[PDB]
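Visitor: From first to last, the protein sequence lines are chains G and A.
Residue numbering for the first sequence follows PDB author numbering, starting at 2 and increasing by one per position.
Residue numbering for the second sequence follows PDB author numbering, starting at 50 and increasing by one per position.
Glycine is no exception: its CB is placed at the ideal position from the N, C-alpha and C atoms.
For reference, the structure I am asking about is given below.
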Amino acid sequence: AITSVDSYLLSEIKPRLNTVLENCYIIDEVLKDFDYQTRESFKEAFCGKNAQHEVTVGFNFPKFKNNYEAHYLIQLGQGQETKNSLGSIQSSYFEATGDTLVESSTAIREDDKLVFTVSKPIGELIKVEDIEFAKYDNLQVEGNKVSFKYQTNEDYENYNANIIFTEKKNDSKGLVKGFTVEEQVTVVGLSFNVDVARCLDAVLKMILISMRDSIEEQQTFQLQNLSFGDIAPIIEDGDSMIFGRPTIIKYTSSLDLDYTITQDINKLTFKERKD
Amino acid sequence: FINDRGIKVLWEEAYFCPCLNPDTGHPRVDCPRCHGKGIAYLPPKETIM
Ligand SMILES: [Zn+2]
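Here is the structure:
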């Protein structure tokens, strides 16, 4: 599973940043240490549902003009290989598996079992929220749905559960070959007003903190490290300077490829010899 | 000569807005006088340049 850190960063940042800027309480919590003036100015400009001004995020070298009132700029940076396993072997799988999904699913009644439906089939069930099925419940997964004994659990006929599971792709089996890569990605906020840049950097730090609970980087992009540069004038040739403070984010991910195996043994030929 | 070769243009003088933060020394993001820029402007004066 080749990793595109930049796209993941963008997808995590955009909705999360919009949600954070949606409400004032979270912003006030974030900007507790800042002075009244800059805090209130940033809140007036960008914060709130009905904010007239808006921030943006995008990759570097855009052929079009880019808004320099407040923008998050991303560039890919360097990368390095840090650790390897014997034969480049990372893991072995019997059934092809895709991404790990989290889905909410209300309990349902079936003639012998309570069940939960899901969007897609199941390759493996990791966890059901606040449940530890015993032998009596006889937890079974049958494609799309997971099921447990009806009678002794009948109080929970409409349990508002949620599920963490894994997609199923194929029944084939193979080996995972790959290594670990230690990658650096640079993120910088741009603004002709330095105070806006400072507040933007603080918001960036908070959303990076919040991201650590995300499933994907919990499973794929562990060992997050941060590093901040100095406030510098990005450009001097305009009528007014652009000010930005670059930040460097580090991640560790496992670049890997699935090598299928067609060998399947189903018969044995134990015979003696004579001389 | 200047009135002949020039073009009609509006001249508006510049002055620092009072909205500047007294401690950081940098301006408010939005105010009527200056739209984030730290410098406000006076009423325009019609001029040939
Ligand atoms: Zn002003």
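Quick one: is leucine 191 of chain G buried, meaning 16 or more other Cβ sit within 10 Å of its Cβ, or exposed?
Guide: One-based indexing of the first sequence puts residue 191 of chain G at position 190. Burial call: buried.
Visitor: Taking 8 Å as the cut-off, is the beta-carbon of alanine 63 of chain A closer than that to any non-hydrogen atom of ligand 1?
Guide: Sequence index remark: in the second sequence, residue 63 of chain A carries index 14 (1-based). Incorrect: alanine 63 of chain A has no Cβ contact closer than 8 Å to ligand 1.
Visitor: Measure the C-alpha to C-alpha separation of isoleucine 75 of chain G and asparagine 194 of chain G and round it to an integer number of angstroms.
Guide: Residue 75 of chain G sits at position 74 when you count from the first residue of the first sequence. Residue 194 of chain G sits at position 193 when you count from the first residue of the first sequence. Distance between the alpha carbons of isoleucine 75 of chain G and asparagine 194 of chain G: 19 Å.
Visitor: Listed in chain order, which residues of the segment 36-59 of chain G have Cβ atoms closer than 9 Å to some Cβ of chain A?
Guide: So the close ones are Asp36, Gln38, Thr39, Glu41, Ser42, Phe43, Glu45, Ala46, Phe47, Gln53, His54.
Visitor: Got a sec: does ligand 1 put a non-hydrogen atom nearer than 8 Å to the Cβ of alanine 46 of chain G?
Guide: Here residue 46 of chain G refers to the residue found at position 45 of the first sequence. No, ligand 1 has no heavy atom inside 8 Å of this Cβ.
Visitor: Does the count of Cβ pairs from the segment 63-80 of chain G and the segment 136-151 of chain G closer than 8 Å reach three?
Guide: Contact between the segment 63-80 of chain G and the segment 136-151 of chain G is absent, because fewer than three Cβ pairs lie under 8 Å.
Visitor: Using a Cβ-Cβ cutoff of less than 8 Å, which residues in the same chain neighbour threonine 98 of chain G once the five nearest sequence positions on both sides are dropped?
Guide: Numbered from 1 along the first sequence, position 97 holds the residue referred to as residue 98 of chain G. Within the same chain, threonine 98 of chain G has close Cβ partners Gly124, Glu125, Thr167, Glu168, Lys169, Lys170.
Visitor: If the criterion is Cβ atoms closer than 9 Å, does the pair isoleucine 249 of chain G and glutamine 185 of chain G meet it?
Guide: Translated into positions along the first sequence, residue 249 of chain G becomes position 248. Translated into positions along the first sequence, residue 185 of chain G becomes position 184. Against a cut-off of 9 Å, the Cβ pair of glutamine 185 of chain G and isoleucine 249 of chain G comes out as a contact.
Visitor: Step through the CB atoms of chain A and report whether any lies within less than 9 Å of the CB of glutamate 70 of chain G.
Guide: Translated into the one-based positions of the first sequence, residue 70 of chain G becomes position 69. Taking Cβ atoms only, chain A reaches closer than 9 Å to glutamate 70 of chain G, which makes this a yes.
Visitor: Which one or two residues does DSSP pair with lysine 169 of chain G in a beta bridge?
Guide: If you number the first sequence from 1, residue 169 of chain G lands on position 168. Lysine 169 of chain G is bridged to G:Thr98.
Visitor: So, are the CB atoms of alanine 162 of chain G and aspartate 113 of chain G less than 9 Å apart?
Guide: Here residue 162 of chain G refers to the residue found at position 161 when the first sequence is read from its first residue. Here residue 113 of chain G refers to the residue found at position 112 when the first sequence is read from its first residue. No, the Cβ-Cβ distance between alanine 162 of chain G and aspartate 113 of chain G is not below 9 Å.
Visitor: Comparing alpha-carbon positions, which option in G:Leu258, G:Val189, G:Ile262 lies nearest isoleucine 243 of chain G?
Guide: Counting from one through the first sequence, the residue named residue 243 of chain G turns up at place 242. With distances taken between Cα atoms, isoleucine 243 of chain G lies closest to G:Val189.
Visitor: Checking contacts by CB at 9 Å: is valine 197 of chain G closer than that to chain A?
Guide: Indexing the first sequence from 1 puts residue 197 of chain G at position 196. Cβ-Cβ to chain A under 9 Å: yes for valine 197 of chain G.
Visitor: Using a Cβ cut-off of 8 Å, pull out every chain G residue sitting near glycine 55 of chain A, in sequence order please.
Guide: For the purposes of this step, residue 55 of chain A is taken as the residue at position 6 of the second sequence. Here the premise fails: no neighbours, minimum Cβ distance about 23 Å.
Visitor: Would you check if the segment 266-273 of chain G and the segment 68-77 of chain A touch, i.e. whether three or more CB-CB distances between them fall below 8 Å?
Guide: Contact between the segment 68-77 of chain A and the segment 266-273 of chain G is absent, because fewer than three Cβ pairs lie under 8 Å.
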